[PDB]
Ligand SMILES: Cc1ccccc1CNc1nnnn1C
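First, one chain by itself in structure tokens, the form deposited without this ligand.
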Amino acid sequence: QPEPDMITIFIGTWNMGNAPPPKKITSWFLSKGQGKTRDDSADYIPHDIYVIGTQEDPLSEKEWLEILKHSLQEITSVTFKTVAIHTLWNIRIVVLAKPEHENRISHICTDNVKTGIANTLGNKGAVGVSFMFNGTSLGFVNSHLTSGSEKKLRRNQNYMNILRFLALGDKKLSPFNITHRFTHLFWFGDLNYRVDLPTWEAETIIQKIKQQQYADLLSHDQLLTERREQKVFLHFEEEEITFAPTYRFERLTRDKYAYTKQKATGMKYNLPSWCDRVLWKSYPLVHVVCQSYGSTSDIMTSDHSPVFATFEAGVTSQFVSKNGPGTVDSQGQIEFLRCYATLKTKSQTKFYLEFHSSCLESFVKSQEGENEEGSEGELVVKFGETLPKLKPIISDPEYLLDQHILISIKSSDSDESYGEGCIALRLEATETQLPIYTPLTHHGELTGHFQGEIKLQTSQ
């Protein structure tokens, strides 16, 4: 029975509003309702992996697992295996997988981050799960960020704390945060960004929603506008939104948005907003295609509607040759020519590189580059033709062209990373000098660039 080249992943995010769910929630897992919905002809076809993020979840892990496994069994006639479950307060992530995948999944990790200090510490944060699926690393984050239309900067701060401190994936990747540790990273939840229009426009907003005219609302969505200004979620993707705002509904119908200020809201307005979101980030030139992104119309116990997203995601096998794992394959090599890092730092220490990859026995440290000043004031770290020749464990091009090299540029003085990025080996040619490029980030913020040329030798 062959190993897969592609799987499908369901992502769900639902703020349950501290109320039990209704008897039937199958529409969520079927990607039915509003937006980009799944074809009816696919209803019996199980996804390979289901990742379910809840916020304001009143249920025990046991009670929710029961409901989820029953719902999928009813849809698919498959009994799904629990990969992981992790709860922080009322923020929960469940990962279920087809039973045929139980021996494909390893290195399962869970973690949580609590956001804010004292007053703002005690209900907002994130939970996460990671694991390996054969040769592919998968990460999943469910975050409940700060609420309130006036708090987009706090939401962005919450994102940066979660990014920095959530401990998932391979601990040997020490310079790298969750935004570089996974082939595919999915980040979802009640991100709590709002439609930033005047509160006196509430009824106008509601009439735009009733007409399914979202353009003038999305142009004021704080997550889209903060992403456009590179304030948050740098280098993540989101599918176009074609569903109505998922918040804030009167419970037990979807006919009414409840937006007016009340004692229960802290005398805040809740203009209709896309609070509930799914974003992703995959390594360069890995297949990932959003197949659905929408909200359910028939699950009405919460003041939020559930959001679904589905993906086709490229995966790779657990490659074994006669040589690696356990030794190098003399036929393989990775060379770097005419490379330099451009950094935004005002500091003047020496820098070196670290190359990290699953295709290497362990990470490689370069010698120091040569600092020059750039035209427009910046630091240019020149590596020229000085970078090491990397020795992959396997030389087979069917393995090696599917790999990636993570790069960290580190201060010689402090050994701290000033920038992280990733280079795909999915090249147009082997034995040929080709341009390479990655942006460099630190704490998820742009710090510079790395560019130069690569030359890849495979056994072909």
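Numbering starts at 1 and runs along the sequence shown.
There is also a form deposited with this ligand bound; it is not shown, and the following applies to it.
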query: Site superposed, this ligand placed from its pose in the bound PDB entry: open or blocked, blocked meaning at least 3 ligand atoms within 2.4 Å of a backbone or C-beta atom?
result: open
message: Quick check on residue 394: any heavy atom within 4.5 Å of this ligand in the bound PDB entry?
response: no
- prompt: Is residue 428 a contact residue for this ligand in the bound PDB entry, using a 4.5 Å heavy atom cut-off?
  reply: no
- prompt: So in the bound PDB entry, does residue 206 come within 4.5 Å of this ligand, heavy atom to heavy atom?
  reply: no
message: At 4.5 Å between heavy atoms, is residue 43 in contact with this ligand in the bound PDB entry?
response: yes
query: Exactly one of 405, 51, 409, 30 has a non-hydrogen atom within 4.5 Å of this ligand in the bound PDB entry; which residue is it?
result: 30
task: Heavy atom within 4.5 Å of this ligand in the bound PDB entry: which of 75, 258, 197, 364 fits that? Just give me the one.
output: 75
